[PDB]
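These protein sequences, in sequence, are chains E, C, E', C', D, D' and F. A prime marks a further copy of an entry chain. Under the entry's author numbering, think of the first position of the first sequence as 1, with each following residue one higher. Under the entry's author numbering, think of the first position of the second sequence as 1, with each following residue one higher. Under the entry's author numbering, think of the first position of the third sequence as 1, with each following residue one higher. Under the entry's author numbering, think of the first position of the fourth sequence as 1, with each following residue one higher. Under the entry's author numbering, think of the first position of the fifth sequence as 301, with each following residue one higher. Under the entry's author numbering, think of the first position of the sixth sequence as 301, with each following residue one higher. Under the entry's author numbering, think of the first position of the seventh sequence as 301, with each following residue one higher.
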Amino acid sequence: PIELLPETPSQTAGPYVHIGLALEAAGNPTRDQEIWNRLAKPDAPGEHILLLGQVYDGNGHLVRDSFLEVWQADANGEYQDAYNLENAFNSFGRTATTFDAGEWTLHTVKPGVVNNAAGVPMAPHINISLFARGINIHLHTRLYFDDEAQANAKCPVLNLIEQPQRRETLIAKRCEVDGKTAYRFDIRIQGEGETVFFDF
Amino acid sequence: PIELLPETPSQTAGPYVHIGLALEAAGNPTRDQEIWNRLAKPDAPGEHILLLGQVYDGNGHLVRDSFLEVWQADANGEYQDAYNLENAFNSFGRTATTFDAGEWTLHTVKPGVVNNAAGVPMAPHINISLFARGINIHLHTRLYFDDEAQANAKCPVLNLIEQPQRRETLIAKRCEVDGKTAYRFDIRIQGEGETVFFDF
Amino acid sequence: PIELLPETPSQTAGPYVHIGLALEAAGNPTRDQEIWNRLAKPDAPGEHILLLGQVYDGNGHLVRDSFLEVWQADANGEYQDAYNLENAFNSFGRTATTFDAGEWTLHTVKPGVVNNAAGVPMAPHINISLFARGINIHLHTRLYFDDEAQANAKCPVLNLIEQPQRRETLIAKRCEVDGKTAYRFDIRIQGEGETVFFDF
Amino acid sequence: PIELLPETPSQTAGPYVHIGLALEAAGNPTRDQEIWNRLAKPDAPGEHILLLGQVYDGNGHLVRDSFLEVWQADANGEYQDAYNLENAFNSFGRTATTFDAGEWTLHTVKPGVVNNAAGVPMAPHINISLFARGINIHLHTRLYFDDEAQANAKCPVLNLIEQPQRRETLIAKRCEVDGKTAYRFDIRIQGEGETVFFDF
Amino acid sequence: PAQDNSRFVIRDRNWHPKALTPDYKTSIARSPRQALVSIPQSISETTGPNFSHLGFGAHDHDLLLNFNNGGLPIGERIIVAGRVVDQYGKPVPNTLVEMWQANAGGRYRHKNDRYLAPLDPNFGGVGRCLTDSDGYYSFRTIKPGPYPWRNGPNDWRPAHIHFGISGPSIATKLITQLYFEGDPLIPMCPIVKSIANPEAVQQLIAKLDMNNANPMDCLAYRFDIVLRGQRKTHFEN
Amino acid sequence: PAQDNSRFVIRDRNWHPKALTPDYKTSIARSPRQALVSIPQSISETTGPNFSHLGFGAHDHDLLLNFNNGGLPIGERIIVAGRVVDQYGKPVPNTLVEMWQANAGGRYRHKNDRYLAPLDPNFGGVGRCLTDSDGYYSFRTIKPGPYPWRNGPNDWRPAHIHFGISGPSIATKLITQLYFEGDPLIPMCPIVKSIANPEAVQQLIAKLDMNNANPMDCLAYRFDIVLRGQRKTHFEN
Amino acid sequence: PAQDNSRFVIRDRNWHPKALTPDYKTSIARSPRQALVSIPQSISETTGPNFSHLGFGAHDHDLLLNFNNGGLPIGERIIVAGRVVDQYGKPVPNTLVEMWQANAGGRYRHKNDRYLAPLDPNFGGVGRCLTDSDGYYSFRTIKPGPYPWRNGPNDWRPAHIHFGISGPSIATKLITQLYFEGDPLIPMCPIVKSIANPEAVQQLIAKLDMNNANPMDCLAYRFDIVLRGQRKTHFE
Ligand SMILES: [Fe+3]
Ligand SMILES: [Fe+3]
Ligand SMILES: [Fe+3]
């Protein structure tokens, strides 16, 4: 068969990933421009939300050295790839769990609906890639919202998860933090309540 | 050492096993004669019973595409191998779980006692072979009966299972279905309450 | 793919084939029973015929060391495989061309119609195999009759010969020899008028 | 020595070439635009002519499945390579022999004189490529005209054919079809009168 | 009734695929985590059904004719034939061989198959037969197509026919899959690769069999099946 | 109008099949017995049609859609794609690639084909396209079946697609046949074997191309085509 | 205004390291036990950030100058350079390449690293670059030292530099580690050996590149990166 050049293989990010990719979270000096966890300035259109979560290993213990990358549509359901710290909104961000702060946070807006390649709407979601010591190749997941039940029930990606019970692992829980709308999305890498991870 | 011709290797039966081995269960038209789940004609000797059960995977979720073959002595402890739809009793049958009917059923008689090769009586039992998508080589088990406690305690096959708690996985529970004597035999392929599986 | 034992390869019969297979034609003493050119005793049913012919090489010169084997149905369209010199008719015979007698002869009856494997009638024919010095593997042909024009036109074997002109090479010419019905069938191995040879 | 990438090897076009390259000739439905046998619109410059011919195998039998491609200068000696069904003249066309129409036809104009690479005029000619079942790599030839005898005698390509008698195989015969000027160009692939075929 | 008169050679469960083969994703949750419990052969294991008295239809072995809705199925006409023997080389006569497959496009006639390749109105995909007195079986069918399946993001089954063979006891019963000589999908398939030993994989590949072909009609493939060796009991009790 | 500005590398007629290849029986009477006459390249040979202005239909390259009589064809859905280059490795852009084939069962939609395998009412078997500015072409089709033919008493063509490629001149024009990776019929075919050099045969075998497949939809095969090398004229006259 | 116009060749997850690789002890509890769920590519997966207008500092790619506290760092001066291409051999221009590493003695500038090898007051260990229009990147740094880690009782990482590459979409994003030609620690490392195929391990070993060296100044190593092949959608 046709064999292309093989892809460079993945390796774990390791315990010090933060010195290269999360300088502030590492307690080290930052450069003038950093890619971080504030996707939306206050003036950006749409519903402003706080996302937060904790990451658990297979023994139910906190992962305190996680690094997370997120990719989401704007409130109007468009992906904004031209990354610029002057933008009111950027579709891409980074966050982390650390020893000081075991709970990651993101400041964003709720993403609008986007269609799949066959033109069927997907429920509002945030794409997440999870890196850490012990993770040899990053894990892909999606964060959906518990107040989009009707859309979630019809999502063609959610519906590829064979068991309903496993679908529940991707649904973030609405709450309020300091009077502001927030959603909690905990990730369990292994075992009871194991979060659905994707290949694509 | 002496090496014989190798056996043809097993492969999973896959998700469409019913089109070949359970045509009625597949909702496809049947041929004039099919090997199915009614072992006993109404006037066959012995105690007429219903067997039924569900099959669970390692996540506790129903296996909705399993295919089962059974082999049992008749009520007089004889194996009737000359398969024939005109027989009052066939020792062999087939059943299945499907999307519509997640619970398999078998109509038979309670089997009589047979001796092992050393002449020791075995407790009444049904030999079962389980096939499905995800099962690379079929799993062997035995269904024994909870109202044969004295015989079960003395069975030389049950006594080969080192732990009493695992012996309990092979004991079907007496119940009533539509007012008729029945025994329920659930199979757990993996994890908590995992059913004992045999090699011979 | 599946490969069977290979067939023993053919070799030419060579110039002295007659000492082994045509003893009389070789001018050598015969044994008590020989397989030769009289397929029909006078009492055999059907139309008694003389067949004769000459064999030509690619330069138009006579082949004077040919050996021919023939196989034909009886007048009723049945092949008689139980070869016996006491039979009124045998379906099999042998003839030859020699230096003394360049023209072979056969004494037979006109064969009846036989169907092909799909049940379609073939026109009356004699199967012929030709052997000689210079012929590494024998050549198969058929002799048909010029007074069976209607049957010949519909023969499914004749009709596999793509060109009408080549079909004419297999049609023997009726004549009279000493007041008796005869047919002449000359074979041209190579070049102008080349006789159709078959593979099967 | 310097060895380039090898050319993809030729294979016969086979008996069903018309379904791909001569759809109307195959009696199958045509697409909106097909490359076929009318090179000249009625108002194209030059002398409008019909070309036609038959193709013979080595046994003198008609080739009833041939496919032909032609390439010729226009009447002013120009090769019109921008193929377009709206052109007054196309230098390229296709034609075929079939079971129904054993004689190919081409509607064109008489081509004007073009010079060879050394600047010597070639006699008016049509370049022809012949494909068919049994032809493993297509055969190149040229059709010249019998009423251009002076030019033909001086053609540097015709003069590369060592024997005058073989030069005669490339000269089409002027005739009339339905009262119109025509030239007949029969091709004999093999044997007596074998048409000259070119390599370049 | 059946008697305990024979013993079957123990299975090599490193020649067969193991239960847990994670690249085949459905095996991860449908594989036992405890060891199998070994038990001695008794009459329960060394006997099994014989199907000599099962009534077979005329076309049960002929998939070109057994789903006839006004015409022939579309696809590559093939005979699939072979012999069933045990590990000692003894033929296994009068044994039930069942088979099922997709159509020429990789579509199964099952409600759960939603692949966009069309059903063939003259093809059902199911056959059975009994081996003859010398162990030989034969079916006539069309060659099934590969098809995509939700394992990895671009996984395709090689063309295959599912087989089930009864043999002389429940100890011999086997389900497997036949694949076709030279199919470049075979080395890439996680179900094929559930078999760790490449020599064992080779045993599932049917060979083109020109000798059994019907000229101008259908090709043929040969697939021989080996069941557990059967011997008489000796020196017991 | 066209100009004489290039020369084409001379063909290796021991790499191509020779004319007389008697095992392929129809070649015996359709092969010239006289030598070909070599002639120098002129404008007549170094020019040829360009089909940039030919009007192609929407589905001309898509055999799954271009014979649509109410449904999809039955059979193995495949993309057949590749690149056309010359012997110097230069892409050949805007060139005409035409193809035809049998259906999934080895039956052609031609009156002369009487093979008993049925026609597919949604399959015609004909495609064309122009290579893009980088030399690439693609078709979507179903994989054709082998079929029997009246050569030897049990001869079968391997599965194949017929191709015709124009290239930059009449000197480059080529007709060939594409075969499929691993088909055990390829070594047995007298038409394949008209090519004496086994390395040349390999150049006609399309490779399975999982990278170009559409998951859950169609597989893909890659077939690259090399036409005669083109160079500028130099030091002439 | 990102659009779905491309598909990416599916990953070979037997070429990459598997999740569960027990000799690398931390993978035992941080590996999913359920199968990954395959999903079709959509605009969500086939797009991603472009960092063309991220504002880079003058020394962001030069680790000999980007932690300047009065002198040069101690250690082997090297240039680390290469090309980022996809599996079709197409270069990947204007893509973000980030890297981090320990100092010459195997010590990282992170509070959780308490290895007794000292920090270097003129070294920080962090770089970033965008590939140029032909897919090339380059950093200047010091060769990192190996270092011990609490896996087995005497386990040591080979000298290595951590790398992250964005590529054209979130589907191509990759984190990996670069190792150095000839290092005898490479075959012993359970993190290297998380990669089962030895030919894949070879793809992470940077080669000494004398052609790129500055005589009398610094050596150079070459590390080419291949991301997933990108093709146009067809017949969807
Ligand atoms: Fe299947
Ligand atoms: Fe063909
Ligand atoms: Fe490190």
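Where a beta carbon is used, it is the ideal one built from N, C-alpha and C, also for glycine.
Inset, instruction - Return helix, strand or coil for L320/D, following the three-state DSSP convention. - result: As a working note, residue 320/D is residue 20 in the fifth sequence. When secondary structure is reduced to three states using DSSP, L320/D falls in the coil class, being assigned neither helix nor strand.
Inset, instruction - Identify each residue in the region 428 to 447 of chain D' for which the Cβ-Cβ distance to at least one residue of chain E is less than 9 Å, and report them in chain order. - result: Under the 9 Å Cβ criterion, the region 428 to 447 of chain D' contributes no residue.
Legend entry - Terminal residues of the alpha helix (DSSP H) in which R166/E lies: As a working mapping, residue 166/E is identified with position 166 in the first sequence. For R166/E, the enclosing alpha helix (DSSP H) covers residues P164 to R167.
Inset, instruction - Identify the contact partners of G482/D' in chain E', using a Cβ-Cβ distance below 8 Å as the criterion. - result: Sequence index remark: in the sixth sequence, residue 482/D' carries index 182 (1-based). None at all; the shortest Cβ gap to chain E' is about 12 Å.
Inset, instruction - For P317/F, I'd like the list of residues in its chain whose CB is within less than 8 Å of its CB, leaving aside the five on either flank, ordered along the chain. - result: In the seventh sequence, the residue the question calls residue 317/F occupies position 17. Correct list, in chain order: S494, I495 and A496.
Inset, instruction - Taking only beta-carbon positions, decide if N497/D is within less than 7 Å of chain F. - result: Against the fifth sequence, residue 497/D aligns to sequence position 197. Chain F contact via Cβ: absent.
Inset, instruction - For the region 500 to 532 of chain D, enumerate the residues whose C-beta is nearer than 7 Å to any C-beta of chain E', in chain order. - result: With the criterion set as a beta carbon lying under 7 Å from some beta carbon of chain E', the members of the region 500 to 532 of chain D are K507, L508, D509, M510, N511 and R522, in sequence order.
Legend entry - DSSP bridge partner residues for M399/D (one or two, in chain order): Translated into the one-based positions of the fifth sequence, residue 399/D becomes position 99. According to the DSSP secondary-structure assignment, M399/D is paired through a beta bridge with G427/D and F463/D.
Inset, instruction - On the DSSP bridge assignment, give the partners of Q477/D in chain order. - result: Here residue 477/D corresponds to residue number 177 of the fifth sequence, with the count starting at 1. Note: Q477/D sits in a beta bridge opposite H462/D.
Legend entry - Under 7 Å between C-beta atoms of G191/E and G58/E: What you label residue 191/E is simply residue 191 of the first sequence in a count that begins at 1. What you label residue 58/E is simply residue 58 of the first sequence in a count that begins at 1. With contacts defined by Cβ atoms closer than 7 Å, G191/E and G58/E form a contacting pair.
Legend entry - Helix, strand or coil at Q150/C' according to DSSP, with G and I counted as helix: Here the question's residue 150/C' lines up with position 150 in the fourth sequence. Judged by DSSP in its simplified three-state form, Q150/C' adopts helix.
Legend entry - Min CB distance residue 202/E to chain F below 7 Å: Residue 202/E is absent from the model: chain E starts at 1 and stops at 200.
Inset, instruction - Output, in chain order, the set of chain E residues within a Cβ distance shorter than 7 Å of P453/D. - result: For this step, residue 453/D is matched to residue 153 along the fifth sequence. From the beta-carbon of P453/D, the residues of chain E found nearer than 7 Å are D199 and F200.
Legend entry - At least three beta-carbon pairs within less than 8 Å, the region 87 to 95 of chain C' to the region 497 to 514 of chain D': Counting C-beta pairs with one atom in each stretch, the region 87 to 95 of chain C' and the region 497 to 514 of chain D' have fewer than three that are closer than 8 Å, which means they do not touch.
Legend entry - Validate contact between the region 323 to 334 of chain F and the region 52 to 72 of chain E using beta carbons, cut 8 Å, 3 pairs: In this structure the region 323 to 334 of chain F lies against the region 52 to 72 of chain E, because at least three pairs of beta carbons, one per stretch, are closer than 8 Å.
Legend entry - Sequence-distant residues of the same chain with beta carbon closer than 6 Å to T321/D', five excluded per side: Position 21 of the sixth sequence, counted from the start, is the residue given in the question as residue 321/D'. Contacts found: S327 and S494.
Legend entry - the region 10 to 43 of chain C: positions lying closer than 8 Å to chain D by Cβ: Correct list: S10, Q11, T12, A13, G14, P15, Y16, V17, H18, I19, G20, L21, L23, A26, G27, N28, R31, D32, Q33 and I35.
Legend entry - Where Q387/D' falls, given that 16 or more other Cβ within 10 Å makes a residue buried: Here residue 387/D' refers to the residue found at position 87 of the sixth sequence. Buried.
Inset, instruction - Using a threshold of 7 Å, state whether the C-beta atoms of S344/D' and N159/C' are closer than that. - result: Residue mapping note: residue 344/D' aligns to position 44 of the sixth sequence, counting from 1. Residue mapping note: residue 159/C' aligns to position 159 of the fourth sequence, counting from 1. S344/D' places its beta carbon 7 Å or farther from that of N159/C'.
Inset, instruction - Could you please give me the residues that DSSP links to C175/C' through a beta bridge? - result: Along the fourth sequence, read from residue 1 onward, the residue named residue 175/C' stands at position 175. In DSSP, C175/C' forms a bridge with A182/C'.
Inset, instruction - Locate the alpha helix (DSSP H) running through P498/D, then write down its first and last residues. - result: Position 198 of the fifth sequence, counting from 1, holds the residue named residue 498/D. In the DSSP annotation of this structure, the continuous segment of the alpha helix (DSSP H) that includes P498/D starts and ends at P498 to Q502.
Inset, instruction - Using 6 Å as the cut-off, classify the Cβ of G406/D as near or not near the heavy atoms of ligand 1, replying yes or no. - result: On the fifth sequence, residue 406/D is found 106 positions in, with the first residue counted as 1. Within 6 Å of the C-beta of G406/D there is not a single heavy atom belonging to ligand 1.
Inset, instruction - Taking all protein chains shown into account, decide if residue 556/D is buried (16 or more other Cβ within 10 angstroms of its Cβ) or exposed. - result: Limits of chain D in this structure are 301 at one end and 537 at the other, which puts residue 556/D out of reach.
Legend entry - Outcome for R428/F when other beta-carbon atoms lying within 10 angstroms are tallied against a minimum of 16: For this step, residue 428/F is matched to residue 128 along the seventh sequence. Per the 10 Å Cβ criterion, buried.
Inset, instruction - In the DSSP assignment, find the alpha helix (DSSP H) that holds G20/E' and state where it starts and stops. - result: As a first step, residue 20/E' must be located in the third sequence, where it is residue number 20. Looking at the DSSP string, the run of the alpha helix (DSSP H) that includes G20/E' is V17 to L21.
Legend entry - Three-way DSSP call (helix, strand, coil) for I35/E' in this model: Your numbering for residue 35/E' matches position 35 in the third sequence. In the structure shown, the three-state DSSP call for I35/E' is coil.
Legend entry - Test: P1/E CB closer than 7 Å to a CB of chain D': Here residue 1/E corresponds to residue number 1 of the first sequence, with the count starting at 1. Taking CB atoms only, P1/E has a neighbour in chain D' less than 7 Å away.
Legend entry - Under the three-state DSSP convention, the category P121/C falls into: Translated into the one-based positions of the second sequence, residue 121/C becomes position 121. Reduced to three states, the DSSP call for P121/C is strand.
Inset, instruction - May I ask you to check if the CB of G14/C' is nearer than 6 Å to at least one heavy atom of ligand 2? - result: Reading the fourth sequence from its first residue, position 14 is the one you call residue 14/C'. In this structure, the C-beta of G14/C' approaches ligand 2 to less than 6 Å from one of its heavy atoms.
Inset, instruction - Using only alpha-carbon positions, find the residue among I470/D, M516/D and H460/D that is nearest to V492/D. - result: Working through the fifth sequence from its first residue, we reach residue 492/D at position 192. Cα-wise, what sits closest to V492/D is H460/D.
Legend entry - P391/D at chain D' interface by Cβ criterion, 7 Å: Sequence index remark: in the fifth sequence, residue 391/D carries index 91 (1-based). The Cβ of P391/D sits no closer than 7 Å to any Cβ of chain D'.
Legend entry - Cβ contact check for the region 5 to 24 of chain C' and the region 78 to 85 of chain E': 3 or more pairs under 8 Å: Note that the region 5 to 24 of chain C' does not touch the region 78 to 85 of chain E'; fewer than 3 beta-carbon pairs, one per stretch, sit closer than 8 Å.
Inset, instruction - Please confirm if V337/F has its CB atom under 7 Å from at least one CB of chain D'. - result: Residue mapping note: residue 337/F aligns to position 37 of the seventh sequence, counting from 1. Under the Cβ criterion of 7 Å, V337/F is not counted among the residues facing chain D'.
Inset, instruction - Using only alpha-carbon positions, find the residue among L396/D, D509/D and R333/D that is nearest to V385/D. - result: The sequence position of residue 385/D within the fifth sequence is 85, counting from 1. Residue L396/D is the option with its Cα nearest to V385/D.
Legend entry - Closest Cα partner of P164/C' within the set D178/C', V177/C', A149/C' and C175/C': As a first step, residue 164/C' must be located in the fourth sequence, where it is residue number 164. Of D178/C', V177/C', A149/C' and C175/C', the residue nearest in Cα terms is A149/C'.
Legend entry - Same chain, Cβ closer than 7 Å to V392/D', five either side skipped, listed in chain order: Sequence index remark: in the sixth sequence, residue 392/D' carries index 92 (1-based). Around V392/D': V384, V385, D386, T431, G435, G467, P468 and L527.
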